[PDB]
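In: no sequence on this one, just coordinates:
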């Protein structure tokens, strides 16, 4: 777990490491991100859709599709 607090949390931490990498493995199926998608990750990991959005753009630009 290694949670910073019993309730409510900020960016970074173990949850942050998984919100990011999990998206890399879970958004492969669906190329297009959405507020609902960011919101789901934001809620389970305790991060804000804005920070979540930062990864979403990053994972899509790093993976790339066709060249």
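Out: Cool, got the structure. Residues are numbered from 1 along each chain as shown.
In: can we go C-alpha only for contacts and neighbour counts from here?
Out: OK.
In: Start from the N-terminal end of this structure and give the helices.
Out: Under the criterion DSSP state H, the chain carries helices at the ranges 13-26, 35-45, 49-63.
In: can I get these in CSV with mean neighbour count and distance to residue 5?
Out: As requested, the helices of the chain are exported to CSV (neighbours: other Cα atoms under 10 Å; distance: least, Cα to Cα, whole Å):
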stretch, mean neighbour count, distance to residue 5
helix 13-26, 15, 11
helix 35-45, 17, 13
helix 49-63, 16, 19
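In: Any chance of the ones you listed in TSV with distance to residue 6 as columns?
Out: Output for the helices of the chain, formatted as TSV (distance: least, Cα to Cα, whole Å):
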stretch	distance to residue 6
helix 13-26	13
helix 35-45	13
helix 49-63	21
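In: Residue 1: which of those helices is closest?
Out: Set against residue 1 and scored by Cα to Cα, the helices of the chain come closest in helix 13-26, at 7.3 Å.
In: now that we're looking at residue 53, how far away is residue 7 from it?
Out: Here residue 53 is placed at a distance of 23 Å from residue 7 (Cα to Cα, to the nearest Å).
In: Hmm, I typed the wrong one, I wanted residue 22.
Out: 22 Å.
In: Does residue 38 touch residue 53 like I think?
Out: Yes. Between residue 38 and residue 53 there is a contact at 6.2 Å, judged by Cα atoms under 8 Å.
In: Which residues outside stretch 47-66 are in contact with it?
Out: Outside of stretch 47-66, the residues within contact range by Cα atoms under 8 Å, 6 or more residues apart in numbering are 9-11, 16, 19-20, 23-24, 31, 33, 35, 38-39, 41-42.
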